[PDB]
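**Q** My structure is below; once you've seen it, I'll send some questions.
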Amino acid sequence: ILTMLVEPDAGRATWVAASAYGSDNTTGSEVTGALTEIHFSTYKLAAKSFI
Amino acid sequence: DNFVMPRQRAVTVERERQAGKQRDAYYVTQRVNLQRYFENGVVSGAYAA
């Protein structure tokens with residue numbers, strides 16, 4: 001089996017209001033993201049014949 | 001002469017960077033007091049009741 005990493009989607013920042021200028025909200029919100037994996041595999045194909 | 005001014009530290013400033021708010025706090029502190037040797041040496045006049 002082979003495993004491959006998949007990068008996640010995009011986030012988005014925030015428009016901070018003027019009222020919260022001096023507070024901690026001026027930093028905006030937090031953007032998170034978790035990686036993902038995909039797997040590959042195979043199958044066996046066989047045939048036989050006699051003489 | 002009966003009064004003194006005990007003092008530990010002078011007027012000192014301190015600046016701090018608060019990235020969580022992008023505000024730059026400023027702090028000024030000092031430690032002082034007003035004390036007398038004995039329990040006398042002051043008189044106050046006051047208005048009538």
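Convention: chains lettered A, B, ... in structure tokens order; per-chain residue numbering from 1; ligands numbered from 1 as shown.
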Using only C-alpha atoms, what does the table of segment 4-33 of chain A residues within 9 Å of segment 20-44 of chain B look like, with each row giving the shortest atom pair and its distance in Å to one decimal, sorted by chain and ascending number, as CSV?
**A**
```
residue,atom,partner,partner_atom,distance
A:21,CA,B:21,CA,8.0
A:22,CA,B:21,CA,6.2
A:23,CA,B:21,CA,5.7
A:24,CA,B:21,CA,4.8
A:25,CA,B:21,CA,7.4
A:26,CA,B:21,CA,6.1
A:27,CA,B:20,CA,6.4
```
**Q** What parts of chain B does DSSP call strand (DSSP E)? I'd like the answer as a list in words.
**A** residues 3, 4, 12, 13, 14, 15, 16, 17, 18, 23, 24, 25, 26, 27, 28, 29, 35 and 36 of chain B
**Q** Could you pull the residues within 10 Å of residue 34 of chain A, counting only C-alpha atoms, minus those fewer than 5 positions along the same chain, as a compact mmCIF listing (two decimals) with C-alpha atoms, in the first residue's frame?
**A**
```
# COMPACT_ATOMS: atom_id res chain seq x y z
CA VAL A 6 -3.81 15.57 0.78
CA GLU A 7 -3.63 19.27 1.59
CA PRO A 8 -6.88 20.74 2.96
CA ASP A 9 -9.04 23.58 1.66
```
**Q** Which is closest to residue 4 of chain A among A:41, A:36, A:29, A:19, if we use only C-alpha atoms?
**A**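 The answer is A:36, which sits nearest to residue 4 of chain A.
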**Q** Could you pull out the helix (DSSP H, G or I) residues of chain A from DSSP and send them as a VMD selection string?
**A** chain A and resid 19 to 21 24 to 27
**Q** Okay, now the selection with N, CA, C and O atoms, as a PDB file, in the first residue's frame?
**A**
```pdb
ATOM      1  N   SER A  19     -15.242  49.082  16.494  1.00  0.00           N
ATOM      2  CA  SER A  19     -15.445  49.113  17.938  1.00  0.00           C
ATOM      3  C   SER A  19     -14.428  48.245  18.664  1.00  0.00           C
ATOM      4  O   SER A  19     -13.936  48.618  19.733  1.00  0.00           O
ATOM      5  N   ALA A  20     -14.095  47.084  18.102  1.00  0.00           N
ATOM      6  CA  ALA A  20     -13.167  46.152  18.728  1.00  0.00           C
ATOM      7  C   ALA A  20     -11.721  46.441  18.367  1.00  0.00           C
ATOM      8  O   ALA A  20     -10.882  45.534  18.402  1.00  0.00           O
ATOM      9  N   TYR A  21     -11.411  47.688  18.012  1.00  0.00           N
ATOM     10  CA  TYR A  21     -10.067  48.024  17.560  1.00  0.00           C
ATOM     11  C   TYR A  21      -9.039  47.850  18.667  1.00  0.00           C
ATOM     12  O   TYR A  21      -7.950  47.315  18.434  1.00  0.00           O
ATOM     13  N   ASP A  24      -8.777  42.444  22.012  1.00  0.00           N
ATOM     14  CA  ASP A  24      -8.075  41.305  21.436  1.00  0.00           C
ATOM     15  C   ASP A  24      -8.678  40.844  20.117  1.00  0.00           C
ATOM     16  O   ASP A  24      -8.005  40.137  19.361  1.00  0.00           O
ATOM     17  N   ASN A  25      -9.929  41.208  19.830  1.00  0.00           N
ATOM     18  CA  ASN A  25     -10.546  40.803  18.576  1.00  0.00           C
ATOM     19  C   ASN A  25      -9.902  41.462  17.372  1.00  0.00           C
ATOM     20  O   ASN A  25     -10.149  41.025  16.245  1.00  0.00           O
ATOM     21  N   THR A  26      -9.086  42.493  17.583  1.00  0.00           N
ATOM     22  CA  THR A  26      -8.404  43.146  16.477  1.00  0.00           C
ATOM     23  C   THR A  26      -7.514  42.177  15.720  1.00  0.00           C
ATOM     24  O   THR A  26      -7.215  42.407  14.545  1.00  0.00           O
ATOM     25  N   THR A  27      -7.086  41.098  16.370  1.00  0.00           N
ATOM     26  CA  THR A  27      -6.278  40.081  15.720  1.00  0.00           C
ATOM     27  C   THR A  27      -7.087  39.191  14.791  1.00  0.00           C
ATOM     28  O   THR A  27      -6.494  38.419  14.033  1.00  0.00           O
TER      29      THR A  27
END
```
